[PDB]
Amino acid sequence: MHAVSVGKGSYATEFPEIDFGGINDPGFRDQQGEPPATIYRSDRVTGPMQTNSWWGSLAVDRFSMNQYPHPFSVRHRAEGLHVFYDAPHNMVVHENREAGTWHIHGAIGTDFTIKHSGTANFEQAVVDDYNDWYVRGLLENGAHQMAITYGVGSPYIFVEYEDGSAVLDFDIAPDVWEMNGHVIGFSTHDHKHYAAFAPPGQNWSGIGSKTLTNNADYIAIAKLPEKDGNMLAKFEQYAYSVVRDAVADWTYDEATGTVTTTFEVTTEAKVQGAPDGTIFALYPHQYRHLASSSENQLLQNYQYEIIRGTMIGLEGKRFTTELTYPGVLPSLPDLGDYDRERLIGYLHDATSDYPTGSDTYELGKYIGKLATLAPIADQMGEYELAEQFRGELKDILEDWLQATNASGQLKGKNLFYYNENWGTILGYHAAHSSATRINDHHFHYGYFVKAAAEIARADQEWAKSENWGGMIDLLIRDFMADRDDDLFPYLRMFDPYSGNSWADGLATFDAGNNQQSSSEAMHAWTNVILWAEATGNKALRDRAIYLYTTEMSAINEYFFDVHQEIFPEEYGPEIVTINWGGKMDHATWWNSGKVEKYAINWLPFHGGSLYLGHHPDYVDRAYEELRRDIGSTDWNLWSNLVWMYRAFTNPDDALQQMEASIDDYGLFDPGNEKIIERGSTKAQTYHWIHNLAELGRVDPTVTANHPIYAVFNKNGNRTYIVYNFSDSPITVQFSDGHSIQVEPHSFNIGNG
């Protein structure tokens, strides 16, 4: 009737009567709701609706908000599609010293509007089709329709008309510098170079005026890299090849660690003989990892400047990138030079900790904390305490993973519900608009997966599908489904072309979509790798490896700019806290101080956090910048996270800071995160820093032929760590020739 059983658990299929717990706060109450009833999609778009996309505002707003199909910005309006390009004169870098914020952004302008000869009063714009990274938007007014196909990484906008023809409208007359009849090269008054393409024989009119017109029912617009007729000619070759399908297909080669992704379009010809291909604009995270076999397709001098640095052109049907998956661990092992009794004391202190709210996020942070403590308790010989922590995880998960109470009725809180309208699992109590905007399902549910993975590491029976595994697998499907999932859209959170996850379900902002904590995304991917390995689910594991590895490539470019190529020279900080489609901010979604605008991209610390140490010069540069701004090592908040980060390159410094301040205050206090951030513990902090002191630096130059491992290097001496989730012993080969044997359900070293 009102819930569906899944193993021992269930999810609600009717919206529950929420138990507000007597809380009257309207913000809290408004969070316990559902996403919008109205979805702006045509009847060609059926099944679970895609969310968390760069283009999402088209589906939620009657028209759209401003979007960033780089290299363009566009927005839908009743009058037509506005097109813009941020030139250098449009870009700014601003600091608000009092707020401690910085902002890199452009403008919300209009270079021209793509219009329909029959109407400038469209009723709405709907999603009419989409694929892995393009969308087809359909402006509708009865018989008058204008379908616009565009995408991130497409320097084309394809325009198809019904019951009318093409118009390009400008506020100031453009310079048409090349007039080939059906093809024109033009510039805005402020020298932005574009081109427009119609079928042969359909000639452009209005040249020299503010309005360029064409009788064709098909045109394409291109952003040109330069005012160059040879480039115009190249763009003409693919201007009639409209992208209909676009897939990012991947493989993981376990032996080598290589994740290979092939981006492939399928086009429809708008003139006879049009080739099956396009011109792609690649982002830095792509072209820096371009496969050898794709290099011949590069259009070398075809560059575009955007918020994310320089894009480059590449022609054809497909291209391929190659990345290296570095491994993850379930925990750091027991290899530190800590006082073990001191660590035991901290493990017991952590029983005083409790969740600071009833919503999925705060509960998530608490269950991640317990799951992090349990392996450390095992290591220290506090085996009943470890069991206490895992028992508490079981109690919490077995509660949340059941939608019905003892009577068989729906619960009012601590449950999951399937919103059928969009096709998404929502958890109540909700927060951060996880339900009302379909936000942050990776951030929140990643913590539930961590809890499950720690349980599964000790208890395979609990994790079976028919027990509690089916419900965990349902949560994972919500945020990272494979194709043809009957309940959920494909890879909800992830944008395979932009290379990152997008946190906002709706994307109804004029900067496009955003992501703040890239580290909470990486945490989700880590935990699925661990869960899938524990439960023997190779396909799921490999999908999470692809996500972890790809997201890592985007983080190092756009959040960290490890290569010192992307952020403008005048931008002071050494991190971007929030990446948007259209802008970059050193700022947080809540009111914070200096440390948090860095550390929200570090936390939480866990066995998959070692990607943060791959670039020791970056780690040093970022730490030194934050230290400069603070003016000392008196961290304003979350001191433990700064010490843990510092330990990637200078564990002696990290240790002395920790010794000086870690016991400044006593047991868990929600009002005071000066020393210990509320998702962290003293025990975790002390264990982490001492392990890094013994291990040295992360060594990303060595891979292995199994996925659960790490390699460190201290002055040329390597330490190899492997965790084996199997009932059988394994042998692991490392790429430097080293081999080890690992016993069932253990680390090779430091089991403790």
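Just count from 1 along the sequence shown to find any residue number.
Peer 1: Out of 56 to 64 and 40 to 48, which stretch has the higher average CA B-factor listed in the record?
Peer 2: Of 40 to 48 and 56 to 64, the stretch with the higher C-alpha B-factor average is 40 to 48.
Peer 1: With reference to the PDB entry, specify whether the mean Cα temperature factor is higher for 584 to 592 or for 168 to 176.
Peer 2: So the stretch with the higher mean C-alpha B-factor is 168 to 176.
Peer 1: By the entry's C-alpha temperature factors, tell me which of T324, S498, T577, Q300 sits highest.
Peer 2: Each of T324, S498, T577, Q300 was compared by C-alpha B-factor; the highest is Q300.
Peer 1: Select one of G185, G181, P375, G613: the residue whose C-alpha shows the highest B-factor in the crystal structure entry.
Peer 2: In the PDB entry, the greatest C-alpha B-factor among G185, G181, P375, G613 is found at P375.
Peer 1: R342's Cα B-factor: lowest, middle or highest third of the chain?
Peer 2: Within its chain, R342 is a highest-third residue by C-alpha B-factor, going by the deposited values.
Peer 1: Place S209 in the lowest, middle or highest third of its chain's C-alpha B-factors, as listed in the PDB entry.
Peer 2: CA B-factor rank for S209: highest third.
Peer 1: Using only modelled residues of the chain, where does the Cα B factor of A386 rank: lowest third, middle third or highest third?
Peer 2: It falls in the top third of the chain.
Peer 1: Relative to the other modelled residues of the same chain, rank the CA B-factor of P604 and answer lowest, middle or highest third.
Peer 2: Within its chain, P604 is a lowest-third residue by C-alpha B-factor, going by the deposited values.
Peer 1: Taking the entry's C-alpha B-factors for this chain, is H89 in the lowest, middle or highest third?
Peer 2: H89: CA B-factor falls in the highest third of its chain.
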